[PDB]
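Take a look at this single chain in structure tokens; it is the form deposited in one PDB entry.
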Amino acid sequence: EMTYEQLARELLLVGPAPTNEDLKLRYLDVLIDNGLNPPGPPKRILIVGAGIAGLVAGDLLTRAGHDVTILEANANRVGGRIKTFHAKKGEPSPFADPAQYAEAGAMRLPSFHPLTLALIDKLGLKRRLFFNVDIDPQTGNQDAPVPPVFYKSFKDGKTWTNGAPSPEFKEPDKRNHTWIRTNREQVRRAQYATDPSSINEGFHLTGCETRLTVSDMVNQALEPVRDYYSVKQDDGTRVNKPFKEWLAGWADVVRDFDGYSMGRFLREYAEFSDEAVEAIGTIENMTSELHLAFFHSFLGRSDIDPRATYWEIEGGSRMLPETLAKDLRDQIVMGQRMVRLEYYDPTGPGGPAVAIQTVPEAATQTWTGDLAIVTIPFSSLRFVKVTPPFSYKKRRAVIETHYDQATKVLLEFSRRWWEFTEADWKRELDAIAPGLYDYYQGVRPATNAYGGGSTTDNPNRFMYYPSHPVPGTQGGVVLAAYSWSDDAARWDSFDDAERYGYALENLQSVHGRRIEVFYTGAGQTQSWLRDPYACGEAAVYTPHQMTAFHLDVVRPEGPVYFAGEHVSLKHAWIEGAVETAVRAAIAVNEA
């Protein structure tokens, strides 16, 4: 009963009654504006894990005078699931062009995630637009300074922002020239949007359902749910109800729908057919999430709203964690994997409150302190021996939280053929050989797309083209394959050469055999399940798990505090890790 209101508070970043403070305001205050409240006690803090959560918490707590040590199992790299392939001075380069880079993990940051964007700005880092949908490159004006970060609180005309507006900045126009290739037929997204029957009949859709895009189908199925906490305007836009029944509405969403997977919600509640769910699970999101909890899809990484604006970091996503890491060169210990965690909650009495044993990745090493923030995924925590045991429900959450399997395959091309008009294909193909153009004319139209990506039901699933070229380069690296579960597992068990052949072949199925001429022979692969420090992409709740034990996930265990994407309810997002990191830094500062 109160589980439901407390979960909606955790979900909505609402403080305890009766003040009901906006925690995102507090977090932006701390992280961006002030730093932490005057420390008071200066303490010895052990932070486990140098992903974004540990780096944000450690950078806060250190600047407040505490004695901080960050233990990182990886011997060469910080950032965790933020991972960019790029040329390193020791090693060779990942691609044939040493200037080329590409993402292995996080790649896009939404405008509705203010903590992270503001953090990137405060670190003096540059951001460009990330084109979720492919754009018309002769529209808008990106030369202007990026707009500031804006956040509107749920409260009394309370807003937060980063700086002055930049009215001369204009996003390019969505062009939707990219492909949907399902059931061996293929259309531009613009064609699918106006006549969804072309693709939907391929999934054996009939009746009313056939003439809706899967986006519309999904948004119509959700409108009665949105009604719990909001009213649609005259416009019709949505307006949140006043605070109380806005909060009591969300709490009844949790009560009514947490035992639903997204698929059972679509079949039994929205009354959609098997074929409608199959198409939704193919075009919009993935069939990953249909057996996952309803809440994972209504809040995770999905085509949120064409309304939304996305950003990327110039020079790679790694710039965020690696800049924070340089600020913390004295605190970060690399190559030390926590294998044992010992703590005292009223080591031992009088002495240190926490003791952590690490092992190198010089047989063991013991660390001590007063407080600890554990930010490692539960897939890692599972194999740490903890004494005394955690609370029962916390132990169950470690055992029962699943991580999803995801793999990214990246292919380097010497030219950005996805931008080519058929004219450009003529000019550039023949520039290499006498009649290379005529030699191909397995034939597809020219994609001629800037940004965005294509969707398919072959094992490549989602394909993304780089939003922006690497300055001074002539080619680009395509995210050729981004898939989950059994798809990802089969990707992982290929030899490297087989795997890039398969990814290239499936790319040709969409884009045309002739893309092969621009393939440099350089691929990279990231099998997040093969990563011993992640063992997956993100925490994914199955139905009922969130009310079963998520409140126990966030509770501290004596001197041990917890942070990371899995502690938030923004699973699979950077913003969830940054939120819970600030939240933990505030808490261990308190004592």
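The first residue of the shown sequence is 1; numbering continues from there. If you superpose the two forms and keep the largest set of C-alpha atoms that fall within 1.5 Å, you have the rigid core. Only residues modelled in both forms are compared.
Omitted here: the form deposited in another entry. The next part is about that form.
Among the residues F112, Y269, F494, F154, the single one whose Cα moves by at least 2 Å between this form and the one not shown, once the core is superposed, is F494. Once you line up the core between this form and the one not shown, the Cα of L436 stays within less than 2 Å of where it was.
Once the rigid core is overlaid between this form and the one not shown, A144 does not reach a Cα shift of 2 Å, moving by less than that.
Annotation: Cα of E185 displaced by less than 2 Å between this form and the one not shown, core superposition. Compared with the form shown, the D495-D531 C-alpha separation decreases in that other deposited form, the change being 3 Å or greater. Compared with the form shown here, the Cα atoms of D531 and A497 sit 3 Å or more closer together in that other deposited form. Comparing the forms between this form and the one not shown on their core, residues 300-307, 484-498 form runs of at least three in a row where every Cα shifts 2 Å or more.
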